[PDB]
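To keep things clear, I will list the structure first and then write my remarks on it.
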There are 2 protein chains.
Amino acid sequence: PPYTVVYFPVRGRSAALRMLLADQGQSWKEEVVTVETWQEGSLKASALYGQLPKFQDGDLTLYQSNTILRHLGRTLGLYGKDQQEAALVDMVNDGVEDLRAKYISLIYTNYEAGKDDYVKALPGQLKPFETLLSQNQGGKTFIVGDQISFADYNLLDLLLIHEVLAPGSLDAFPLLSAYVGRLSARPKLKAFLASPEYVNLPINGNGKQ
Amino acid sequence: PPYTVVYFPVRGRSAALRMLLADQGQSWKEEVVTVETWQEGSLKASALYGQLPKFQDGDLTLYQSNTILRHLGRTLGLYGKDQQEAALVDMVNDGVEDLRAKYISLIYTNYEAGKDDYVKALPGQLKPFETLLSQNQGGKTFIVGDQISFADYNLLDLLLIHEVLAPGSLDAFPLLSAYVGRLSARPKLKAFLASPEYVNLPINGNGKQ
Ligand SMILES: CCCCCCSC[C@H](NC(=O)CC[C@H]([NH3+])C(=O)O)C(=O)NCC(=O)O
Ligand SMILES: CCCCCCSC[C@H](NC(=O)CC[C@H]([NH3+])C(=O)O)C(=O)NCC(=O)O
């Protein structure tokens, strides 16, 4: 630390890292980049893949949302208790990333045309996270082990946004409904999710949710 | 260990994790899964995300290619010498991953109508790794730091398949170029890249490369 998130006035691929910081009792600066600022071409030109988020941690500069997440898991001890759990944390997040890339591509690339095909495939896509949960202490704690990981935040954000896209898509998944239900209640995380820092922001950058 | 890779008879997403093992002088078994056996559906059904590659390491069963990359870097010490190097290695891999997604979506979804545009875009897509490899002792060792990482096996394969795509695609990048020969000159890799079980193996499995 200190932490700075440099991003568009959208939740997008920073919603989960932001949650993590907040749940962890941490504080950060929000650097905001409007499309106008981005349209200047100054930020993009330095950015390693011409894309945001950008994260500064003390004197360390990072791109890629999952790098940032992994770096915070590695520093705040949110990467499982051991080398097995490390691997299972990854498996979970890689799975989140896969569904998220699908979600993004629907939203930005063809929303109204694909929504039906997307939401149809959704139960099949959520079932492995129910399974995962049911194979660890009975879905009673976290997605991996019995302490919180970066994969938990990234997955929490995945389900929240999906409840907006497809109201009631978690009915069929009891363990997962209680898990969003429980993890939201975590005191600092309740507060963060109610902050205008979050609430004032739309999920996506194109009107679509 | 011991190691087992379960996958279709292609290079695909088990290509980078096999170079790693070979160069690391390690050995492994192959569970070949033809398309016809996959259509039977009992393997599909048991896989966490219904997909391959699948990997067994001693008692651990893993899915997700980068998870197997990460698991391997962590056990064999191919994840940078420190915390910062770790975060940059992930930054490379995520960037490799992003170009692999796009190539995979060219190969399987619109090869015939996508290609000229794709190769058109290749230089300005390969440049980010040319940069990183510059800002790291002038390009003379590895993508990150001075010892090999899982991010180097993944990028190396990414660069090899793209040479098959458009032969001579790497000339506008003389740095990324010698990188490829350095890594393939490594006696353990060299020999595997000359074995049939690498040369006789299809890249993508749909007659397109
Ligand atoms: C312009 C409004 C965009 C706001 C929507 C979300 S950011 C979209 C895009 N960034 C990304 O796709 C980030 C992906 C990156 N691989 C990650 O996971 O962090 C971007 O910076 N795009 C700009 C560019 O690539 O030039
Ligand atoms: C004909 C030979 C083709 C083999 C190459 C395709 S393997 C493609 C697919 N696997 C994946 O997309 C893996 C994605 C995963 N995110 C990873 O990187 O490990 C799969 O198991 N697909 C099968 C399915 O989903 O039914």
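Structure data summary
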{"read-out": "Relative contact order (%) - criterion: Cα under 8 Å, at least six apart; region: chain A", "value": "28 percent"}
{"read-out": "Amide H contacts under 5 Å for B:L62, placed H, 5+ residues apart", "value": "B:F55, B:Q56, B:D57"}
{"read-out": "Closest-to-axis residue of chain A (Cβ criterion, axis taking A to B), whole Å", "value": "A:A101, 4"}
{"read-out": "Mean separation of Cα contacts under 8 Å (6+ apart) over length of region A:79-186, as relative contact order %", "value": "32 percent"}
{"read-out": "Under the Karplus curve 6.51 cos²θ - 1.76 cosθ + 1.60, θ = phi - 60°, whole-Hz ³J(HN,Hα) for region B:69-86, x wherever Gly or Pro sits", "value": "4, 4, 3, 5, x, 6, 8, 9, x, 10, 9, x, 6, 9, 4, 6, 3, 3"}
{"read-out": "Backbone HN-Hα couplings from phi across region B:41-47 [Karplus 6.51/-1.76/1.60, Hz, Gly and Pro as x]", "value": "x, 7, 6, 3, 5, 7, 6"}
{"read-out": "Calculated [θ] (222 nm, deg cm²/dmol) that DSSP helices of n ≥ 4 give over chain B, each run adding -39,500 (n - 2.57)", "value": "-16500 deg cm²/dmol"}
{"read-out": "Region A:165-207 - convex hull of alpha carbons, volume per residue in Å³", "value": "81 Å³"}
{"read-out": "DSSP-assigned coil residues among GluC sites (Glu not before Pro) in region B:20-92, each with at most 12 further Cβ atoms within 10 Å", "value": "B:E40"}
{"read-out": "Label spacing, shortest first and in nm, from A:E31 to its equivalents in the remaining copies (7 angstrom along Cα→Cβ)", "value": "4.6"}
{"read-out": "For A:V164, inter-copy label distances in nm, listed shortest first [label point 7 Å out on the Cα-Cβ vector]", "value": "4.2"}
{"read-out": "Derived scalar couplings ³J(HN,Hα) [region A:178-184; Karplus, 6.51 cos²θ - 1.76 cosθ + 1.60; whole Hz; x for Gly, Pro]", "value": "5, 6, 5, x, 7, 5, 4"}
{"read-out": "Equivalent ellipsoid, the protein assembly as shown (semi-axes from 5 times Cα gyration tensor eigenvalues, Å)", "value": "33, 26, 22"}
{"read-out": "Shape category assigned to region B:2-104 from the gyration tensor of Cα positions, a/c cut at 1.5", "value": "prolate"}
{"read-out": "Percent of beta bridges antiparallel (DSSP, chain A, rounded to nearest 5)", "value": "60 percent"}
{"read-out": "Nearest-first distances (nm) between copies at A:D59, label 7 Å from Cα via Cβ", "value": "4.3"}
{"read-out": "Kirkwood hydrodynamic radius (C-alpha pairs) into Stokes-Einstein, region A:56-181, 10 °C and 1.306 mPa s, D in µm²/s", "value": "103 µm²/s"}
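No lab work stands behind these numbers, since they all come straight from the coordinates. Every residue, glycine among them, receives a Cβ derived from its backbone with ideal geometry; neighbour counts consider all protein chains shown.
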